[PDB]
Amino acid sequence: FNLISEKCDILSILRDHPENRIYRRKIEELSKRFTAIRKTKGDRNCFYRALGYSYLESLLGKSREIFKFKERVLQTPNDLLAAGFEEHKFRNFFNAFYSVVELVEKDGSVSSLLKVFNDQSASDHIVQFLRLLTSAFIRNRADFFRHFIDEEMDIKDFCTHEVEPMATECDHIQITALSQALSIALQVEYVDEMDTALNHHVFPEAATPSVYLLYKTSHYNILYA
C-alpha cells in the first residue's frame, strides 16, 4: 500500500503535526464532518492518482453510472487526436485506463481496484493517461481557459511544462480541466497553518460531489463522509 493507503480514522493524522495548535484545531473540526481518510504518496502525481482511485471506487456496484462513464472513456481518444497527440504514442496509456474501468464493471471489489493503483507500473500508466487527457482538454478549449482563468497566460507552454510531465504539481486549472474532461464532481477541503476558517471549493460550482479530497502540505489525501 505504498501509493494509496488503507483507510484510517481522521484523527490519526494529528500525529503528522504534533504540538501545532492550528493544525490540531482544523483536524478536530474536519473530524466532525468526515469519518475516514486514505493517504497518497507525495511524489508530485498525487492529485491524478487520488482522483482516479477515489472516483472509480465511488462507481463500484452502480451499473447505470458505470455504463455512462465507460461510454465517455471510449470517446477520449478523439479528444487526444483533436489536440494533436498521436494514437501510437497514447495507445499504451489509454489501454491501461480502459482496463481499470472494465475491472470496476467485471470484478467490482475495493481490494482489486486498490491493488491496480498500488502497482507502480499500472498506476503510473493511469496517471500518464490522465495527464495527457487534461492537456488535450485545455488545448482544445484554450479561449475558455484564457477568458475565465488568465487572459495573459501562454496555454501551449503551460500544458507542455506543468501538465504533461510526470511529477508536476497541479493548481486550479488542472483540477477544473480534468473534472470537466471526465464529468467528475469533486470537493477539495483546505487545511493550511494560517489562523483562518476551514474552507472548501466544489468543481464544478454547485455540483453534488462524488469525491472529497484534503489539500494539506501540498498533498491531496482522500476523505470519506
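Each residue number is its position in the shown sequence, starting from 1.
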- Message: On mean Cα temperature factor in this entry, is 138 to 146 or 119 to 127 the higher one?
- Response: 138 to 146
- Mean CA B-factor: is it higher for 73 to 81 or for 149 to 157? 149 to 157
- From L182, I27, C170, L56, residue of greatest CA B-factor: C170
- Message: Is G52 in the lowest, middle or highest third of its chain when residues are ranked by C-alpha B-factor?
- Response: lowest
- Would you mind checking where the Cα B-factor of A206 ranks among the modelled residues of its chain, as the lowest, middle or highest third? highest
- Query: Among the chain's modelled residues, which third holds the C-alpha B-factor of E193?
  - Reply: highest
- Item | B-factor third for the C-alpha atom of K41 within its chain | highest
- Tell me, lowest, middle or highest third: where does the Cα B factor of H200 rank within its chain? highest
